[PDB]
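Asks: Sequence, then the experimental structure. Questions to follow.
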Amino acid sequence: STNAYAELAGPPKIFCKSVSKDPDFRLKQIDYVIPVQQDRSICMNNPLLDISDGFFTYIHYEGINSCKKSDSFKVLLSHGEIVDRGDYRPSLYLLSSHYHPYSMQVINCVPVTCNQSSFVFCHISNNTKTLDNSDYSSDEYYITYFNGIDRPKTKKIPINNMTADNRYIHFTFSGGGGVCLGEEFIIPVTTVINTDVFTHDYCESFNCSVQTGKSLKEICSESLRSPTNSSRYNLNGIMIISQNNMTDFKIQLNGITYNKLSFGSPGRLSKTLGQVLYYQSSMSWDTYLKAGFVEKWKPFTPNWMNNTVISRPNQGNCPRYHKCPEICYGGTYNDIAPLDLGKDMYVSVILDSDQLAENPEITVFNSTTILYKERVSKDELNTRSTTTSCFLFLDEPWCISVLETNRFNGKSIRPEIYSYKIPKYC
Ligand SMILES: *[C@@H]1O[C@H](CO)[C@@H](O[C@@H]2O[C@H](CO)[C@@H](O)[C@H](O)[C@H]2NC(C)=O)[C@H](O)[C@H]1NC(C)=O
Ligand SMILES: *[C@@H]1O[C@H](CO)[C@@H](O[C@@H]2O[C@H](CO)[C@@H](O)[C@H](O)[C@H]2NC(C)=O)[C@H](O)[C@H]1NC(C)=O
Ligand SMILES: *[C@@H]1O[C@H](CO)[C@@H](O[C@@H]2O[C@H](CO)[C@@H](O)[C@H](O)[C@H]2NC(C)=O)[C@H](O)[C@H]1NC(C)=O
Ligand SMILES: *[C@@H]1O[C@H](CO)[C@@H](O[C@@H]2O[C@H](CO)[C@@H](O)[C@H](O)[C@H]2NC(C)=O)[C@H](O)[C@H]1NC(C)=O
Ligand SMILES: *[C@H]1O[C@H](CO)[C@@H](O[C@@H]2O[C@H](CO)[C@@H](O)[C@H](O)[C@H]2NC(C)=O)[C@H](O)[C@H]1NC(C)=O
Ligand SMILES: *[C@H]1O[C@H](CO)[C@@H](O)[C@H](O)[C@H]1NC(C)=O
Ligand SMILES: *[C@H]1O[C@H](CO)[C@@H](O)[C@H](O)[C@H]1NC(C)=O
Ligand SMILES: *[C@H]1O[C@H](CO)[C@@H](O)[C@H](O)[C@H]1NC(C)=O
């Protein structure tokens with residue numbers, strides 16, 4: 001929470017808002033934060049990073065000969081700060097680090113950094129298939145928090161007293177980060193319901209090649225079904241937790257607006273430019289960027305951006321750039337951060353590729369066109385998830401991104417942190 005760090009907010013600063021060719025991001029890797037493992041069987045996957053008010057929470061999953069979070073035998077929780085080391089750029093300083101008490105039984109986690117302390121919201125279960133075979137009464141939900149001087153403490157969330165805005169059999173914390181607004185945490189969630197209660201207008205308004213044997217209404221209704229258990233529907237939502245000195249809890253679970261639904265996936269809430277931005281990874285037929293600022297909390301309603309440029313790679317009938325309704329599952333999580341509201345521009349580390357997860361490119365865009373880009377590595381680089389957060393450092397916009405990278409295929413896999421500066425000139 002240094003004098004150098006300030007949330008990116010207030011009046012716009014001076015930097016490049018336009019097309020630019022070969023710009024200077026001042027791109028540098030950060031190597032001392034993420035732990036190192038000599039055992040090449042261990043796979044450090046699904047990095048998560050949330051940054052608020054000068055402090056960061058970092059989370060990553062470690063598992064043996066598997067890159068899946070439920071297979072992780074250790075899940076890592078780090079707390080740190082953003083500081084001026086005097087090299088004219090922001091540096092990450094790592095205060096404390098711990099392992100989740102329940103790591104072996106951890107299904108999924110989401111970080112949120114609040115009041116200069118780390119919070120980690122976890123869905124932990126003895127069933128790895130729990131979001132198919134089971135319900136949320138049989139699993140457990142925890143909050144692990146620490147500030148780096150302290151001892152980490154984890155408390156069970158009273159899910160039994162939760163209020164819901166619909167009848168859900170299951171839910172998981174899924175995404176790259178959450179926010180704290182006042183006394184309440186809000187976490188990206190995905191819900192499971194066994195009957196089809198959803199209305200797809202947006203999907204149904206699409207006139208294009210549609211396979212014979214099924215109606216638009218039909219494939220749209222069916223596109224929200226869990227590809228593992230077809231009798232279940234996965235719908236994104238938020239969980240709001242009121243908390244008093246971490247004692248009296250008020251939990252309520254609401255579903256996302258029905259306006260432009262997409263199959264339930266990981267996504268995130270973030271405070272930026274004095275607003276709250278929701279991102280949702282696009283795992284279904286609509287392959288373009290799905291995100292928006294939150295105009296209305298009940299029902300949870302982000303004003304969805306209409307974006308014709310930013311997309312993601314996937315194998316199957318929904319590769320990059322493909323917007324026609326279809327029943328398909330896949331794609332990668334690349335979340336975004338806003339720079340200027342008036343010029344409507346955002347930064348994201350996106351994969352430049354159609355079917356394959358690789359070639360991370362730092363991209364700066366408006367909703368219509370891509371203003372400018374730079375490949376992170378000059379050599380071909382294998383990469384899956386990317387998270388990005390931005391801020392003001394010495395009164396200039398700077399970003400920190402974590403890339404989920406597999407460098408030497410099947411060798412020791414660790415995510416890589418990078419930092420860069422938004423160009424002052426075009
Ligand atoms: C697919 O999802 C359905 C929906 O919950 C599961 O069906 C339930 O299974 C539990 C498990 O014992 C029963 O208690 C319920 O009575 C079932 N409900 C219905 C409506 O059938 C089913 O188990 C899932 N299948 C797989 C293979 O995961
Ligand atoms: C996951 O399964 C484990 C093992 O059965 C459960 O841990 C035990 O829970 C019982 C309560 O029924 C306690 O009496 C034992 O002391 C626990 N064992 C240990 C080693 O702590 C656990 O409750 C289950 N949790 C979830 C979320 O399913
Ligand atoms: C983070 O800090 C803010 C203020 O610094 C806390 O906000 C207050 O929380 C108490 C509960 O202990 C409420 O009674 C007040 O109404 C809140 N004030 C405002 C202005 O919202 C907030 O609870 C803190 N969050 C955490 C997780 O510690
Ligand atoms: C993306 O386009 C939609 C329309 O295709 C915009 O939706 C409108 O939003 C305004 C402000 O919320 C409403 O007054 C209109 O009624 C909406 N029209 C609809 C829903 O058909 C939407 O605002 C656009 N995205 C952004 C970020 O402005
Ligand atoms: C987003 O920013 C881009 C910046 O390139 C805008 O594209 C330009 O729009 C101006 C109009 O002010 C034209 O003179 C340029 O020729 C456009 N450039 C290109 C490469 O097409 C775009 O209009 C902006 N869109 C929104 C919604 O703000
Ligand atoms: C949940 O627990 C709290 C105390 O922690 C209690 O006051 C409340 O009544 C419980 N909810 C239900 C539905 O019993
Ligand atoms: C649907 O496609 C036709 C082209 O066959 C086009 O003329 C029409 O404007 C489109 N309508 C919508 C709502 O997309
Ligand atoms: C909760 O906050 C109060 C101040 O409002 C403080 O006195 C108390 O020590 C805190 N709780 C614990 C368990 O320390």
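Replies: Received, thanks. Residues are numbered from 1 along each chain as shown. Ligands and ions are numbered 1, 2, ... in the order given.
Asks: List the contacts of the closest residue to ligand 5 within the stretch 101-250 of the chain.
Replies: Residue nearest to ligand 5 within the stretch 101-250 of the chain: residue 202 (20.2 Å; C-beta to the nearest ligand atom). Where C-beta positions appear, they are placed from N, C-alpha and C, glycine not excepted. Listed by C-beta atoms under 8 Å, 6 or more residues apart in numbering, the contact partners of residue 202 are 259-261.
Asks: Just give me the closest of those residues to ligand 1.
Replies: residue 261 (19.7 Å).
Asks: in the stretch 51-200 of the chain, which spans are strands?
Replies: Using DSSP state E, counting those that start in this stretch, the strands of the stretch 51-200 of the chain run over 55-64, 72-84, 90-99, 106-114, 117-124, 140-146, 153-156, 163-164, 170-173, 175-177, 179-181, 184-193.
Asks: any idea of the angle the last one forms with strand 117-124?
Replies: The reference is to strand 184-193. If you take axes from the mean of the first three to the mean of the last three C-alpha atoms, to 10 degrees, strand 184-193 sits at 20 degrees to strand 117-124.
Asks: circling back to that earlier point, most neighbours among the contacts of residue 202, which one?
Replies: residue 261 (25 neighbours; other C-beta atoms under 10 Å).
Asks: From residue 254, how far out is that residue?
Replies: 14 Å (C-beta to C-beta, to the nearest Å).
Asks: Over to residue 154?
Replies: Computed as C-beta to C-beta, the residue 154 to residue 254 distance reads 25 Å.
Asks: Name the residue in those two with the higher neighbour count.
Replies: Set residue 154 next to residue 254 and count neighbours by other C-beta under 10 Å: residue 254 wins out with 20 against 17.
Asks: That one - nearest residue in space that isn't next to it in sequence?
Replies: Among residues not flanking residue 254 along the chain, residue 165 sits closest, at 4.2 Å (C-beta to C-beta, 6 or more residues apart in numbering).
Asks: ditto for residue 14
Replies: Per C-beta to C-beta, 6+ apart, closest to residue 14 is residue 424, 6.1 Å.
Asks: is it true that the residue of the stretch 101-250 of the chain closest to ligand 5 lies in a strand?
Replies: No. Assessed with DSSP: H, G, I helix; E, B strand; the rest coil, residue 202 is helix; it does not lie in a strand.
Asks: which ones are touching residue 79?
Replies: 55-58, 94-97, 117-118, 146-148.
Asks: Go again with 7 Å.
Replies: 57, 95-96, 118, 146-148 (C-beta atoms under 7 Å, 6 or more residues apart in numbering).
Asks: about what we covered before: winner for burial among the strands of the stretch 51-200 of the chain?
Replies: Neighbour counts (mean count of other C-beta atoms under 10 Å) averaged over each of those peak at strand 175-177, with a mean of 29.
Asks: Can you name the residue of the stretch 301-426 of the chain nearest to ligand 1?
Replies: residue 329 (16.0 Å).
Asks: Please apply the same query to the stretch 51-200 of the chain.
Replies: residue 132 (3.9 Å).
Asks: right, and that residue touches residue 231 too?
Replies: No. Contact criterion C-beta atoms under 7 Å: residue 132 and residue 231 do not qualify, at 9.1 Å.
Asks: Between these two, which is the more surrounded one?
Replies: Neighbour comparison, residue 132 and residue 231: the larger count goes to residue 132, with 15 against 9 (by other C-beta under 10 Å).
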